[PDB]
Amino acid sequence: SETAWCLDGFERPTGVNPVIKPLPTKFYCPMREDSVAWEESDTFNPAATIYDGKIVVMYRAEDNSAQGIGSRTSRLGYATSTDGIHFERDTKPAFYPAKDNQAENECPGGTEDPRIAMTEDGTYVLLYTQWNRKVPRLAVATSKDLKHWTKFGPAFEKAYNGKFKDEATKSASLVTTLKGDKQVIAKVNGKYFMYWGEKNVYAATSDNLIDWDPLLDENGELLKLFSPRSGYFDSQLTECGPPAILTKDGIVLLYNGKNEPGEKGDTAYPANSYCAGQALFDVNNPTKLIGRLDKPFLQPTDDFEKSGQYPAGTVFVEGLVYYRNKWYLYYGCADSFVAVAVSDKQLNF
């Protein structure tokens, strides 16, 4: 099969979704200095990882402090599961804006759209968006326990004398691999590597997981590994999803395509909807694109995927774990809920 390399075979378990919905839970916010209903409006765009024998989903939670996409405060919840479907949720968010070293970048919009991957020595590396209602910035935090976090600030703060420190950035997929059943961050040609971006798929390297250097073209502009394309589901945006997976057949990148309305999109899919795709890069040259799905492997199907805070619908893939011999894929549903799909497919390592 020409698509044998992809991680497909996903199925929504019958009747279980969504697995995380909003709740009226309160916590004392150090940014507001006030008790806030931190997950009252929408719970979506989740990171996922494995810690202490369980699946952990860290979901993007929004309060009702305003109406409109990007108008409120995002904080990350902490939910655990032993079956991938039923979650036990903390009442206090595990990650949030505060009067800390990142206050200016994260106030008042908070901390959005997390992805998590883990090093071989057990360090969780969180890539997320800082939102201060001016510029979204991709930033890095680390922890050993997913609760005691150190914030290191924007991923591109230092690179090339700060060239990109005030550019709008988000949505990063670190390269990982499986060593046996254990999913860990993997160097490519001696460097840590990630795919990142929303408007195109860009990349960056690092020696230390915190300071990242975006790949550039000959003019010193961001190198576009691939881009939105006329006539396909990913015709307006190509936005990186969960961490990438280095297999024997290439580096697999799950990503989110936004469909251009009308004839320059794929009219098989709803206008403006986000449906999930996959790309494949060469293991030795990780900027060399060697595969890309013509059609999405996941699309809005249930009513809470087809419309919500985002009216045109999303299945926004962002968390992915290998647990109890299966893949559990966590995705945002129309910027409003978290859902799971499960696959038995075994990739080649």
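Position 1 is the first residue in the sequence shown; the rest follow in order.
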Greater mean Cα temperature factor according to the PDB record, 262 to 270 or 149 to 157
262 to 270
Averaging C-alpha B-factors over each stretch, which comes out higher, 39 to 47 or 61 to 69?
61 to 69
Maximum C-alpha temperature factor per the entry, among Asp234, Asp90, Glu239, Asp121, belongs to which one?
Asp121
Between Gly84, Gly190, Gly197, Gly257, which carries the biggest CA temperature factor in the record?
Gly190
Report the third (lowest, middle or highest) to which the CA temperature factor of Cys29 belongs, ranking only the modelled residues of the same chain.
middle
Can you tell me which third, lowest, middle or highest, the CA B-factor of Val321 falls into for its chain?
lowest
CA B-factor ranking of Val340, expressed as a third of its chain
lowest
Quick check for you: using the entry's CA B-factors within this chain, is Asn101 in the lowest, middle or highest third?
highest
Third assignment of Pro22 from its chain's C-alpha B-factors:
middle
